[PDB]
Every structure is written in C-alpha cells, then in structure tokens.
Amino acid sequence: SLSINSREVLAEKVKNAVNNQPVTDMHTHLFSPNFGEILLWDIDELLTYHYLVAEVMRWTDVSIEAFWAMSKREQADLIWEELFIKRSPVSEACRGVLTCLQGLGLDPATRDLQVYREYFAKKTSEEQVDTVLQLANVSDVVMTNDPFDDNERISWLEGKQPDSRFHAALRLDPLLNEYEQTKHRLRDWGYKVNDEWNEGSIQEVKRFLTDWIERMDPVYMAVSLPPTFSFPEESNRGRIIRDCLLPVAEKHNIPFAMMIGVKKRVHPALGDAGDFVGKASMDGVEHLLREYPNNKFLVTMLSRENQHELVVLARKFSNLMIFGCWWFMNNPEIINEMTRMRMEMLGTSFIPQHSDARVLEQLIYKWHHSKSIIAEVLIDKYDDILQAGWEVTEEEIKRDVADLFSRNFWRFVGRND
Amino acid sequence: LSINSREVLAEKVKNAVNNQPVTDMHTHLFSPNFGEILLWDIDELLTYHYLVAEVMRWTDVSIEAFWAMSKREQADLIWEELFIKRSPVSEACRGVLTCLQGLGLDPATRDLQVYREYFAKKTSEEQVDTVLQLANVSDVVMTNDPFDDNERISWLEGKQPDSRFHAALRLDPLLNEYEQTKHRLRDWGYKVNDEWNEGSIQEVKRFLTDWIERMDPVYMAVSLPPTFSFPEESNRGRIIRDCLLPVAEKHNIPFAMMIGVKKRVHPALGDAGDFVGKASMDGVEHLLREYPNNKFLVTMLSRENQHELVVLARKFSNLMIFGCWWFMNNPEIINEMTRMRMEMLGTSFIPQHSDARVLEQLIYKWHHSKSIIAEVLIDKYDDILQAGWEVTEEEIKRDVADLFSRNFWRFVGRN
Amino acid sequence: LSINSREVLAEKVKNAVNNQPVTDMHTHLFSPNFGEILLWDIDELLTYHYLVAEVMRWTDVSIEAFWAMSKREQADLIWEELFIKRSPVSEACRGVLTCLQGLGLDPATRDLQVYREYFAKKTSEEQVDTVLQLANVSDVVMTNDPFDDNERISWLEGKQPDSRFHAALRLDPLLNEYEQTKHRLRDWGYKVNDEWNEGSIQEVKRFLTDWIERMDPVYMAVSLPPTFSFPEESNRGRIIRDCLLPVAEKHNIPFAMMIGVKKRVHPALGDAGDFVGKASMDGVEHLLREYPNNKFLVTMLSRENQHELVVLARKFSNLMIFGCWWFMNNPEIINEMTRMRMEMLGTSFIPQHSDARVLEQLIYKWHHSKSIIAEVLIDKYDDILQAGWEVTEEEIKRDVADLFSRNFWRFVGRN
Ligand SMILES: [Cl-]
Ligand SMILES: [Cl-]
Ligand SMILES: [Cl-]
Ligand SMILES: [Cl-]
Ligand SMILES: [Mg+2]
Ligand SMILES: [Zn+2]
Ligand SMILES: [Zn+2]
Ligand SMILES: [Zn+2]
C-alpha cells in the first residue's frame, strides 16, 4: 500500500513517467531512411511545412505563384522573416519549429538561421533519424505507404524493407476516392478490373490489396474521407469498402483506419495547404461498427464539433479505437479539451495522440507539446481519485502511460511487443 | 465583516455550496416503500450501465457471457478490469470511489468483499437516510412510468411516496410509441379510436388527467431523438398539440423534454446501447413562442446544442434549462456548460440533476458537481468583487439556494 | 532585466495591453455631433437589450408593462431584479459594475440615485472624452444606416463625424429586404425594374456609390441568417454578385459579413428577441475563393462555427476574422475563441470589437476583453520563451498594436 502521498509528488512522477515512456507514433508521413529522399528533414523543410505556408500567405505580399517559384531556401527565408521576425512566432506551428531547434541543441535566442542550417549540412539521414528518435523518445514510427506513388512504389518493388523502428501502413485514398481514374493504373499492373462492377472486378481489387498486404505487412489500411462520407453507399467507394476492403481486413485481422472530415483543395493554388474541414455525420461510422463486429476500425476526425460524439460512439463499440488530435485539432486548446473528454468517458481505453509528422524533426515538438498536455490531464485525473481515497502507485502510472503511448495501439492492431 | 479577498470568498462559497440542501429534480430513484425497484449497494453501483459500456471496451468476456453472470460476478469483473488492471480514472469509475469513501469505507484496501458487508447489514430505509444525509439532498424527483406494470400496481394500490420523494409522470411510451401503446390504453378503458378524432383526443386527455390525479407530478416528461421536430403530423406531434399541452396548461404543470438520445445503436448493450445526436432548436423554439402559457424544462444530450440552448433561455422566460445530462455529465463539459449558463443567464437556471439510477450515486453526483459549481461561483463573485461590488455571505447563501433548490420549485410552482 | 520568466512576461504583456490604444472596429455608437442617437448614461446601460432579456427571466412584470414604463422605471426594475434580488454575476450585469467603477463611482454603495447624478452634470461631448480616455479607445467605427430616416438627416445635412469616429455603410434593408426596399429606392430616384436586369443593376450600384461618396465608409456591412448561402438566385444573391462585390472591388472597400443571427424569434422582446443558428461555411468559402480581389471581414454568431471559421482564415488571406460577437462575447467563449485563433493564425486576426450600443460600455467591453486577451498572450509568449526564444518588450508592443489596431487599418487599406 505504499503509494503517492501528495499532488506535488504525483505531478513529478507523472511527468517523469510520460517523458520516459517510449512512444509508438501510430500515424506519420515519415519513412525509414533507407527509402531515401522521400524522408524529409532539416530546418528548411520544417519552415516550409504546409501549415507554415498557409500562415505566411496571410501576411506576405509575395504572390502564391512567386512563392512556389522560389527555392526551398528562399521560401524558408521568407517564412522566417514574415512569421518569426516581423511578428512573434506565437502560433502552434511556429512554436513547434523553435521547440525542434532547442531540442537539437541549437539556440533560438540568436535567431541565426544560417547557423541552424550548418547543423544539418553535416549529417546523414540515418544519423538524424538516430538523433531525432532519441530526443523525441520515439521507439516506433508508423509510416503512410502509398503504392500509387511512383517514388515510393519503387523501393517496395526493389525489395527494400524499412528498419525495425518503422512500420508500414497501406494508404488507399487513390483506390477508394479516385477509382474512376485509378482503375486504369490497376489494369496497367495486371489487375483485370472490368468496366462493370462484377465478381471479376471484386476479385482483382481484393488481389491488389492482398498483394500489397503481403509486400508491406501493414499494421492497418487507411483512408482520408470528406465531411460528406456515408456508408453504405452506392458508389465506387461504398462498393470497394463493402465488397473488397472489409472482407480482406477481416481475413487478415488488419484494422481499417478512417480519417474523416477533410474537404480537399478549397484553395487549389495552396497545394497541401489548401484543404479545409467540415463536420461529418456519425451514421456511416456507426453502421460500420455495428454491422462489421469482426472488423476493427481506427478513427480520427477533423471537425472540433465531431469530437465529443466520437467519444460517445467509442463507448458503444469495442471494435472502435479512436486516436489522436488530427491536424486542425492539433492545437493546445483543442488537444486539452479532447483529451479530457476522452479520459472522462473512456478511462485509458484510447490513443491520445499521433504526430502526423511530415518532416523528421517534428517528432521533437509534436511529442513535447502533446506530452506536457497529456501529463496535466493525467495529474488532474489521478488527483481526483487520490481525493476519493484510492491509492495510486508509480508502477500503476507507468502501466497506464505505457497503455496510452504504446500498448493500446499494438494490442488493438493485434501485434508487437 | 466584508468579503475582501478571493481566499476568504472561496471558503464562504464552498461552505454555502456544501451546506445547501439539494433538490435533485430528475432521478431514477424511488421512495423506499416502493420496494426492490429502488436499487442500491456496491454491486448495483459497479453494474451501472455507464460501467458496462466501459468494461466492454477492455474485457475479453463476451457481452452474452457478461449478461449470463450473476450481479456479484459482473461487479467483480468490472472491478478487476476497470480498477485493478487500469487506474479507475474515468468519471464513472471515480464516482464509485467517491460513494465508497462517503459511506466511510476505505478505497485504499480495494476490498470489495468488505465493502459488500456494509450493505448487507442495512435496510433500504436506513440506506436512504444515510445517503440523503451524506449527499445533503432534501428532495428527490422520481421518474414514474405508468406503462411499467410493476410501477403501475403500486400507484393503483394507492401507495404514496415518502415526503422526500416527488413524482414525475414519464410519457415516452405514449408520445413515442403510440401505435403500440394505444392497445394498452384501450385495455385500461381509454376508448381511443383508430383515427385521431375528438374521441381519441378526449380519452388521451383523460389518461393524462387520471395519472396527474394519482401521482400529483411536479412535471410530465419525455425523452426525444435528435430528429425531434414540432409541429409534426405524427402521433407524437398530435398528442403534444391536442392533449399534453392543453392539460399541462390547465394544471399548470411543466413539460420536461430531454432531447438528443439515439436509442439502441448497439442493442446487445441494453441500457449501455444508446447514442447521441445534435438536434434542431426549431421545435423547441416553436413550443416556447407559440405556447406562452405552458412551461418547459429542457436538457439536451449533444455538446453542440448547449450554447444555443442557453441563448434560447435568454429569449424565453417559459424555458427553464436544467442539468448536465448523461454524456454531458463529465467535469470538462459540466464546467464549460455552467460557465456559459451563468455568463448569459446569471442565476436563472438549474445547474445540475443527478439522474441517479442507484441510490448511492447521489453521493458522487452531487459531490463532483458541487466542487465544479463552487469554482464557477467563486470566479463569478470574484469578478464582481474586483468591479467594486460588495457581496454578502447572506447573498451567496440565497443565490446558492436558488441554484440548488428554489429555482426548480419556483418554476414548477410548488414546495 | 529583460524578459526571462513567465512572471516578468506577465508584467510586460499586461502593461502593453493596458496601454495600447484601441480601434474598436464595429460599434453602434455615433459621433456626439449626431445628437440623441448617441446613447449614454446609467439608465441606458441598465436598459441595454442584453439586460431586458435577463430581467424578463425573473420579473413578474409583463413585457407590455415593461415597454410602457419610462426608461428610469425600466432601469429601476432591472436594478432591483438583477442586482439586488440576485447577485449581478452575469457578464452583462458585471459589465454595468465595471463601467460604474471605471467612472469613479462606487458600486459598493448600490446608490443608483448618486450614480444618476454623475451623468446629469455632463454634455455628450464631455462624456465621450471621458469614456474614450478611460477605455483607451482612439477610434470608433460606427454602424451607419442610410435607410434610417433620423440617421439619413445628419448625412444629408453634410454633417461629418468627429475624427475619432469612422463610418461603416450598413446594408441589411437592401440585401435582406429588397422587395420592400425597392419602393424606397424608387422614391429616392433609383429606378430599379421589376426584373433584375442591367437597369436595376446600375441603379443599385449608383445607390451604393452615392453612399460611399457621402459616408467614406471603412467597410460595407450586413448581418445574415444561419441559412445564408452563396451563390443564390435570390435578390440577396443577385445584389451581392452583380452590385456589391464589383463596387467593393472598384473602391477597395471590404465587405463585412456578420453571420448566424435568427431575427425576431420572440418579437415582443424587440432587440432582445433575436436568436442564433449554425451556418454552412460554403457561401463564405465560395465568396473568398471566387472573388480574390475582394476583401471580407467576417464574424459568426454560433459557438459551433468558430473553429472552422479559423481554419477558413488559414486558407484565404482575403479573409479577416474579427471579434466575439454578442452570444460569443462571454469569458468562457472569448477565451476558447482567442486561443483557437492564436494557435492557428498567430497574430493575423482581430481578437475583439465591443458592438457597444451605449457609450459607457466601451469601458467594460475593453476592460473585460483585454484581461482575457492578455492572459492568452502571456501563455503564448511563455511557450516560445520556454522554447528558447528571446521575446522583447518592443515586439510585445508591436504585436499588441497589430491585434488591437493595426491589423484592422492594414486590411481596410486606411488610417
Ligand atoms: Cl493548413
Ligand atoms: Cl455542430
Ligand atoms: Cl453509456
Ligand atoms: Cl439577448
Ligand atoms: Mg474549454
Ligand atoms: Zn496524416
Ligand atoms: Zn434520466
Ligand atoms: Zn453590431
């Protein structure tokens, strides 16, 4: 019955447990460094992250065309001047760049971007991965692997495997969302899908999935979906999910990850910075969970206004695992409210965060900023049960922290450690 | 003797809040003379449907296997899965520990066998006395359903509740399931016709008036789906327009509408199977505007309805909003709702009800809510103190009494 | 010295925020040379429509009897019902107290007759000087409606506002009520046709151009319902498309859209009878994308629009979002909005406007909002300070000037 005797010691012990727990980051856009140039890293890549492109375009008089015509260094220079020098870098994405520099032993105080660049010029990808995963305390990274991308598909077809720290996830947007165009690529690749949606088309699409499952050994198959997402639906998407994806997933015991609420290309000229958000109906997700009890679903949603009801839906269905605070949700005010709602209604039965890192060094700030918030939530929740006379031990806190940052994910996808 | 600093204010407000007897204006408890339908004890607390939903997120035991377990075994499984194997940090898990502690039991031991021994030595009457004392609740409003055969008999035998328990007439089967319920009405001698004519109208009114007579309810209540609309040419829309509203106005009894529940999305979970959806405000707005002589108590289930519900209260004095219902009854939501409510309505609302299904829940439902409501009050008083206003301890006691008891009785026009 | 802890940052930020002169970019105040339409004094504070809604939730006085009372009588009733019989803890009630205190009056006495004496002794001009000084407001943007006969007079008599007050051309009757308004245009010599054709288009453009010439407005404004959509084959859709946007582009004048107000759900309440609804973002999205040479100022009334409004501002630099309008202008909501906005937009937004209808409200609207905005800034500067950034006091002063004044003038392309 030795246990934690005060809130101040609780806070110390929780913060230490959270900081020390190696993270599984279950959705990123990073790649094993052996995949080469598609692994993005360094300060110029940090600064030209699309979140920062959106932000600089609210201030700068430089036209979008002129921006895209600049070199990466020039874009980074402009972003630095407009968002850090001419106004204080108070936004979450700008703060994050500074957290990264500090983590790396660079000094934000000098504002010396040329000195920062020198740091990265002297390293290999493999070295930077080692440094960054250590600093961010991340043991495992789940990638986003898109067989429709020519520059990724090559490494796979060349027999490359990621190192043991990097795990595959099969990204299926082009197949589910753009089948009218994508069906022709499948044909080019020997999958004899017909004009008509018949048994032959069903079989060849299942074979496409099975071949990539065999190749990648993905931990889940994923898709991003619009605010209008509905299921069942008479559409290529509704048919592919019903006839191909769900049966394959069940057979292979692979979860289906759905990232719902992104409205694509509302400002096309902005590229990756041009996507918007909408509230979705919960009906399709509800139907999927109820009607496919032998399938597992990972869900994150983009609208603030979906988050509470998504937690309630998790209370209804054990084949739903909700994860992370995605994109426009990934800001302190929202991370805090979401994490509290989730813990109040689900206890520790969810995955509080993922980084969605596109640039390697972002693991540093995405985990630092989120861990501090998650630690605050845990401190309050433990203190409340301490107040109720419960005895919490440091071993129990370590166990719960491991569940939230790692074990709940592996347990749900039916694998590792 | 003036209140001169936040620190002094905080102690005065917490004392006033703690000391104020509560009227709990919507519960699923029953006067103890109604028998076994009053649920109580640690096995009942642990097998509350909120905890059933939570344990099914973790356990390998199937739902079928779970329902086949005895109550004690279900309670044991829930204890192991939600308190021993993971820390009991959820609001519903924390609530069980609050009740245990309140009763003088020691959660440090985690000894469910010992806790059970406490309950085995007591009668229902003794436990009600204990619980209402510890929760500082003076008055409990029940949910009395004349369509439940069990509950019906008791009222038909002329059994009256204890004076601490007040009736409220539950109408879901009548309003939401008329096709099916009209056959029972006619078994009971209410000659409702196949068509909605004057005959039907008068006999439904007679059913309402008969039950008002028997129950002396403080309000009539219904829970409603996110799709709720009014006017509507449906059985619900016709009964409300033609029968419920006129009867309610004549007897000056409010109509309680609990809006936002989507029933049985996961049928096998039973009570743990219901979901939530955002509702349109249009139907509520229409009722308030078009029936100014009727009074309406509303609580809604969707987070995304709460702010606009507060605005609608600003518009209509015949609306009384109440409580943080079910999926809203979690600290992060209780806090945001109570602040939005106080900022736009001052003290003209009812901040909380327990919806207790198990007697001992009054202990944590009230404990956990009072701490949050006290903190909101402290901030709001502090803000007017900083503006130069002098608040007296007697004024705090008054406002606290309005929130926890008097606003309800004023609105219903009673006690 | 120089800033190396949260404690020091808090001192510097609070000083910067308190000292920064405010441009209040949307109010319902008027240059004092406009005469009686400039509302001021304690009785006007107390009878603000926010307080009429609140008193009606408590008083037994009927709405008809209320409107039959004199202003002083109305103000007496509201004081008794909202300040004396219950603690004045609501945001709007707290605001009255902050004004009294700011003017050097003592709320501790509750001496309404003494408070009244204060104002009886001053001219409009003196009180404008006092209030703008106390509130640290350098510039006030008015709402000027050429459809209002009284207002139209000062403009037609060539009266110009005092250099501290700026015009904004309010267009609601034209855009929202064209069928009724076309007759008045015709009367004024704007000879619109029955059919929406080139004839009608040119006469509506001429109306706008004439009023732009007369008023020199900083923006043209309209308030819109939750059902607002664009493009739309309606008089509103057509006037915006064919007249308003091209005229705005030619004069480089922004269009301010205040979206989400549902008018007169409770008619008898007058100004206090308006409600809220969530709107589609589709119309605003279309307008921003398809009219890149037009500038748009937007504020929305529903809590549930705020986050997605901030995301839309990330997408479009021709969108400036502003303020926490009306039902949003409460501490709980101001805080969450200001945080969401800063997290996603840095300093590239206008955190607040007063919408003051009564002169003295500038005091509380800015005092209450500045304290919240300062705390949000302290958190955000601290986060980058802890991350190793050197924040200077001059940078703080710059950022604060952008939020409270410069961002507005930069966007509108003026002062
Ligand atoms: Cl973005
Ligand atoms: Cl919503
Ligand atoms: Cl539940
Ligand atoms: Cl109002
Ligand atoms: Mg909040
Ligand atoms: Zn992603
Ligand atoms: Zn209930
Ligand atoms: Zn206004």
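Cut-off values and rules
- Residues numbered from 1 in each chain as written, not as in the entry; some residues may be left out.
- Chains lettered and ligands numbered in written order.
- Heavy atoms only, no water.
- Helix = DSSP H or I, 4+ residues; strand = E, 2+ residues; numbered from the N terminus.
- Rg over C-alpha atoms; globule rule 2.2 N^0.38 Å.
- Buried < 20%, exposed > 50% of the residue type's maximum accessible area, 1.4 Å probe, protein only.
- Contact = heavy atoms within 4.5 Å.
- Areas by Shrake-Rupley, 256 points an atom, 1.4 Å probe, with all protein chains shown as cover.
- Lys, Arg positive; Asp, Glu negative; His and termini not counted.
- Charge placed at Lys NZ, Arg CZ, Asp CG, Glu CD.
- Expected span 1.5 Å × (residues − 1).
- UniProt positions renumbered as here; feature names shortened; annotations may be inferred.
- Donors = N, O, S within 2.8 Å, 3.2 Å for Na, K, Ca; no water.
- Least-squares fit on C-alpha atoms.
- Pairing = 2+ DSSP bridges.
- Right-handed = clockwise from strand over helix to strand, strands pointing away.
- Buried area = accessible area lost by both parts, 1.4 Å probe.
- Salt bridge = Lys/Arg side-chain N within 4 Å of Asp/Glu carboxyl O.
- Polar contact = N/O pair within 3.5 Å; in protein donor to acceptor, adjacent residues only side chain to side chain.
- Nonpolar A, V, L, I, M, F, W, Y, C, P; charged D, E, K, R; others polar.
- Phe/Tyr/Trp six-rings, centres within 6.5 Å; stacked < 30°, edge-to-face > 60°.

Caption draft 1: Layout of the overall build of chain A. Assigned secondary structure in chain A consists of 18 helices and ten strands. For chain A, the C-alpha radius of gyration of 22 Å lies close to 22 Å, the compact-globule estimate for 417 residues. With the C-alpha coordinates of chain A rotated into their principal frame, the extents come out at 65 × 60 × 40 Å. Split into buried and exposed, the 417 residues of chain A put 65% on the buried side. For chain A, the share of sequence-separated contacts (at least 6 apart) that also reach a separation of at least 24 residues comes to 76%. Split by element, the accessible area of chain A, about 14400 Å² in all, is 46% carbon and sulfur. Across chain A, the 48 positively charged side chains and the 66 negatively charged ones have centroids separated by 2 Å.

Caption draft 2: Geometry of helix α12 (residues 199–216) of chain A. The end-to-end C-alpha distance of α12(A) is 26 Å, a good match for the 26 Å that 18 residues give at a rise of 1.5 Å each. Listed in full, the buried residues belonging to α12(A) are A:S201, A:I202, A:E204, A:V205, A:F208, A:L209, A:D211, A:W212, A:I213 and A:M216.

Caption draft 3: Spotlight on the UniProt feature "binding site: Mg(2+)" (unreviewed entry) in chain A. Residues annotated by UniProt as "binding site: Mg(2+)" (unreviewed entry) correspond here to A:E333. Take A:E333: it is sitting in helix α16 (residues 332–346). Excluding residues within four positions of it along the chain, A:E333 makes contact with C:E336, C:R339, C:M340 and C:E343.

Caption draft 4: Looking closely at the coordination of the zinc ion (ligand 7). At this site the zinc ion (ligand 7) is bound by B:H26 (NE2), B:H28 (NE2) and B:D355 (OD), with donor distances of 2.2 to 2.4 Å. As a motif over one chain, the donors of the zinc ion (ligand 7) read H-x1-H-x326-D.

Caption draft 5: Structural detail: the relation of the copies chain B and chain C. Placing chain B over chain C gives an RMSD of 0.3 Å and needs a rotation angle of 120°, together with 0.0 Å of translation along the axis. In the structure described here, the two chain copies are related by an operation that fits a three-fold rotation axis. If distances are taken from each C-alpha of chain B to the rotation axis, the shortest is found for B:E304, at 3.8 Å. Mapped onto chain C, only 7% of the interface residues of chain B are again interface residues, and the two copies thus contact each other with different surfaces.

Caption draft 6: Summary view of the pairing of strand β9 (residues 296–300) of chain B. All names here are of chain B. The element β9 is extensively covered by neighbouring structure, given that five of its five residues are classed as buried. Burial along β9 is two-sided: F296, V298 and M300 facing one way and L297 and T299 facing the other are all buried. Taken together, the three bridges between β9 and strand β10 (residues 319–321) define a ladder with parallel strand orientation. Residue pairing in the sheet places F296 in a bridge with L319 of β10. What joins β9 to β10 is helix α15 (residues 306–315), and the crossover it makes is right-handed.

Caption draft 7: Region of the structure containing unusual backbone geometry. Omega for the bond connecting A:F231 with A:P232 falls within 30 degrees of zero, at -5°, which places this linkage in the cis form. Tracing the backbone through its elements, the reader meets A:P232 in the loop between β5 (221–225) and α13 (236–252). Residue C:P231 is bonded to the preceding C:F230 through a cis peptide linkage, with omega at 0°. Tracing the chain through its elements places C:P231 in the loop between β5 (220–224) and α13 (235–251). One non-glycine residue with positive phi stands out, namely B:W326, at about 60°. You can see B:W326 is positioned in the loop between β10 and α16 (331–345).

Caption draft 8: Examining the coordination of the zinc ion (ligand 6) more closely. Residues and elements named next belong to chain A. For the zinc ion (ligand 6), the protein coordination sphere consists of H27 (NE2), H29 (NE2) and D356 (OD), at 2.1 to 2.3 Å. For the zinc ion (ligand 6), all donor residues lie on one chain, and their spacing in sequence is H-x1-H-x326-D. In this pair, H29 is assigned in the loop between β1 (23–25) and α2 (43–47) and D356 in the loop between α16 and α17 (362–387), connecting sequence segments 327 residues apart. Looking at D356, the relative accessible area reads 10%, which means it is buried.

Caption draft 9: Focus on the UniProt feature "binding site: Zn(2+) 1" (unreviewed entry) in chain A. All names here are of chain A. The positions UniProt marks with the feature "binding site: Zn(2+) 1" (unreviewed entry) are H27, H29 and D356. A maximum C-alpha distance of 7.1 Å among these annotated residues, which run over 330 residues, shows that they cluster at one spot. Following the sequence through the fold, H27 ends up in the loop between β1 and α2. When neighbours within four sequence positions are excluded, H27 is seen to be in contact with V142, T144, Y220, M259, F323, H354, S355 and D356.

Caption draft 10: Fine view of the interface of chain B and chain C. Taken together, the contacts link 43 residues of chain B with 43 residues of chain C. Three residues, B:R314, B:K315 and B:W389, lead the burial of chain B against chain C; their summed loss comes to 20% of the area buried on that side. Applying the counting rule to chain B against chain C returns six salt bridges. In this structure, C:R110 and B:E395 form a salt bridge, with 2.9 Å as the shortest nitrogen-oxygen distance. Between the two partners, chain B and chain C, sit 25 residue pairs in polar contact. Across the side of chain B that touches chain C, the residue classes tally to 15 nonpolar, eight polar and 20 charged.

Caption draft 11: Structural context of the packing of aromatic side chains. For the coordinates displayed, the defined rule picks out 63 aromatic pairs over all chains. Here A:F67 and A:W68 contribute two aromatic rings whose centre-to-centre distance is 5.0 Å and whose plane-to-plane angle is 70°, an arrangement assigned as edge-to-face. According to the relative accessible area criterion, A:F67 is buried, its value standing at 0%. Seen in terms of ring centroids, C:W188 and C:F207 are 6.2 Å apart; in terms of plane orientation they differ by 5°. Their pairing is stacked. Residue C:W188 is located in the loop between α11 (178–187) and α12 (198–215), and its partner C:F207 is located in helix α12; the two are separated by 19 residues in the primary sequence. For C:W188, a relative accessible area of 22% puts it in the partly exposed group. With relative accessibility at 1%, the residue C:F207 sits in the buried group. Through a chain of ring-to-ring contacts, three or more aromatic side chains come together here, namely A:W80, A:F84, A:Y116 and C:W389.

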